[PDB]
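Single chain ahead, written as C-alpha cells, the form deposited in one PDB entry.
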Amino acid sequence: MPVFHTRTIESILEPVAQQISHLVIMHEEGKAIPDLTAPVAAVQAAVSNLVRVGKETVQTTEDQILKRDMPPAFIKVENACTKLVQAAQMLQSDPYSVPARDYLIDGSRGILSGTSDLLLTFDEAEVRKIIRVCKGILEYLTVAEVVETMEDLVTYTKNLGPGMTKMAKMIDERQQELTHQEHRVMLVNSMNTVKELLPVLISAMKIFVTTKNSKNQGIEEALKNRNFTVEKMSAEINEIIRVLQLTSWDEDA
C-alpha cells in the first residue's frame, strides 16, 4: 500500500526486502543446523526491547489508531520469536530436523514483517502528532485578538513560545526525512516565514496594548498590522499541514 517512506524507514527497511526474498525461497530450496542458541537469545532480547518500547508508546499515546493498530504487531513478533526459541530447543537434541527448520523460516519472516508493520504504524501516528501541533498553534494564533494588557501579552507570549519551538523542531526533523526535495522546500520556506514573523507578531501586539491602554490613535493601524501577521502566519502553517497531508493521507476519504 505505501509507495514512499522517510529516508530513515527506507534505510532500515532496505535490507529487509532481500531478507524476505531469501526466507520465501527456503520452502523450495542434507541439513545440519549450527547450534543457533546464542543468535536466537539476541533476537529474544531485541524483540522484548522493541515490544517494551512499543507497549510504552501504546500506554502513553493519545492516538486511537496507534492504540489499535500497534498491539497486533507485538503479538505477530512475539509468536514468531517463540517459534525461533522453540526451534533452537529441538535443534539441541539433533541438528538434523525438518520441523525445527519450518519454525526458523516462519519465525524470521513473522518477525521481519511484524517489525516493518510496527514502524510504519508508528511513523503514521508521528505525522498525525505533527499535524495536531500545527493545528494547535493555529488555534492559539486566533487568541492574539483578545490580548489587550501587558499581563495577558506576557501570558500569551509565554504560552505561544514553547509551542512554536515544538512545531519548528518537528518540521525541521520531518523535512530532513522527506524524499521529495520540492516538498522539503515548501516546508522550510513556510517554517522560515513563521520563524521570521513570530517577533513581528509580538512587536505588533506590544504596539496594540500600549496604544489601547493608553490611549486612542493609532489603534486601527496596530490592529491591521496584528491581524495581517496572524493571517500570513496562519496561511503558512496551513501550507505545512497541507504538504504533510498530501503525503500521509490514508483511507477512508
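From 1 onward, residues are counted along the sequence shown. If you superpose the two forms and keep the largest set of C-alpha atoms that fall within 1.5 Å, you have the rigid core. Shifts are known only where both forms have a C-alpha.
What follows is about the form deposited in another entry, which we do not show.
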Position that moves between this form and the one not shown after core superposition, taken from 187, 66, 198, 204, with Cα shift of 2 Å or more: 66
Residue 174 C-alpha shift between this form and the one not shown of 2 Å or more, rigid core reference: no
Core superposition between this form and the one not shown, C-alpha change of residue 145 at least 2 Å: no
Threshold 2 Å Cα movement between this form and the one not shown at residue 22, rigid core reference: yes
Direction of C-alpha distance change in the other form, residue 142 to residue 61 (at least 3 Å): farther
Stretches between this form and the one not shown where the CA atoms of at least 3 consecutive shared residues shift 2 Å or more, core fixed: 1-5, 11-28, 32-126, 215-218, 245-253
